[PDB]
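**Q** Top to bottom, those sequences are chains B and A. Position 9 of the first sequence, counted from 1, bears residue number 268 in the authors' numbering, the numbering being contiguous throughout. Position 16 of the second sequence, counted from 1, bears residue number 16 in the authors' numbering, the numbering being contiguous throughout. Dropping the structure in here first, questions after.
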Amino acid sequence: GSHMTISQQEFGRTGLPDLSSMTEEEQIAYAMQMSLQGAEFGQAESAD
Amino acid sequence: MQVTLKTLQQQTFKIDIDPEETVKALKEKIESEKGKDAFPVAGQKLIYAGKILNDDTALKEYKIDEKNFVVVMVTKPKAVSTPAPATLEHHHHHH
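Below you can see the structure in the form of structure tokens.
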């Protein structure tokens with residue numbers, strides 16, 4: 260298609276599912292982020 | 001030691017567990033409190049500070065606090081005992 264063909268990375272999934280779309284590894288990583296943020300890590304990606 | 005618990009459904013509870021014992025004993029108390037239908041030892045997993053707790057390792061090794069929360073999850077099933085309208089037992093009022 261003769262258009263500019265690029266897209267907008269400005270958007271994404273805000274409100275995660277009730278586990279319905281997530282693998283065991285993704286359900287685990289959600290569990291990690293919750294306890295990690297409770298541990299005062301400030302919503303960073305740094306798991307240690 | 002009264003560890004606060006949190007679920008993947010974002011529900012929250014507490015577990016008075018012995019910190020003298022291992023993470024397997026935390027799992028034992030969770031199965032004891034919530035029942036095998038909700039959280040069996042063999043199906044639940046335990047996560048603190050973004051890291052999965054080793055079942056054979058002690059609770060002190062992760063310095064778990066009472067006011068902070070641990071995360072518990074259960075694999076494959078997701079069903080729970082939802083409530084219903086208890087008012088059905090009378091369904092009338094004094095007004």
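Every residue, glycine too, gets a C-beta built ideally from N, C-alpha and C.
Between A/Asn68 and chain C, is any beta-carbon pair separated by less than 8 Å?
**A** The displayed structure is made up of protein chains B and A, and chain C is not among them.
**Q** Just tell me which of A/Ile52, A/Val23, A/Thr75, A/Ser81 has its CA closest to the CA of A/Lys34.
**A** Residue A/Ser81 is the option with its Cα nearest to A/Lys34.
**Q** For a test of the three-state rule: what should DSSP assign to B/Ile287, helix, strand or coil?
**A** Three-state result, B/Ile287: helix.
**Q** Measuring only the C-alpha atoms, how far is A/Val71 from A/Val3?
**A** One C-alpha to the other measures close to 10 Å.
**Q** Would you check if there are 3 or more beta carbon pairs closer than 8 Å linking the stretch 43-54 of chain A to the stretch 290-301 of chain B?
**A** They touch, by the three-pair rule.
**Q** Tell me, please, whether the stretch 56-64 of chain A touches the stretch 6-22 of chain A by the rule of three or more beta-carbon pairs shorter than 8 Å.
**A** Verdict: yes, contact present.
**Q** By the DSSP assignment, the alpha helix (DSSP H) with residue 153 of chain A in it spans what residues?
**A** Outside the modelled stretch of chain A, which goes from 1 to 95, sits residue 153 of chain A, for which no answer is possible.
**Q** Check distances from the C-beta atoms of the stretch 47-61 of chain A to those of chain B and list, in chain order, the residues that come in under 9 Å.
**A** Cβ contacts with chain B come from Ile47, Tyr48, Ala49, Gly50, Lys51, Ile52.
**Q** So what does A/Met73 bridge to, in DSSP terms?
**A** Beta-bridge pairing links A/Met73 to A/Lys45.
**Q** Please determine, among A/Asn54, A/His94, A/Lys76, the residue with the shortest C-alpha to C-alpha distance to B/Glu284.
**A** Selected option, being the one with the closest Cα: A/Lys76.
**Q** For A/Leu26, count neighbouring C-beta atoms within 10 Å of its own C-beta (all shown protein chains included) and say buried if the count is 16 or more, exposed if not.
**A** Classification for A/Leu26: buried.
**Q** By alpha-carbon positions, which one of A/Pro85, A/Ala79, A/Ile52, A/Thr87 ends up nearest to residue 328 of chain B?
**A** Residue 328 of chain B is absent from the model: chain B starts at 260 and stops at 307.
**Q** Is B/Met293 close to chain A? Criterion is C-beta to C-beta, closer than 8 Å.
**A** Yes, its Cβ sits closer than 8 Å to a Cβ of chain A.
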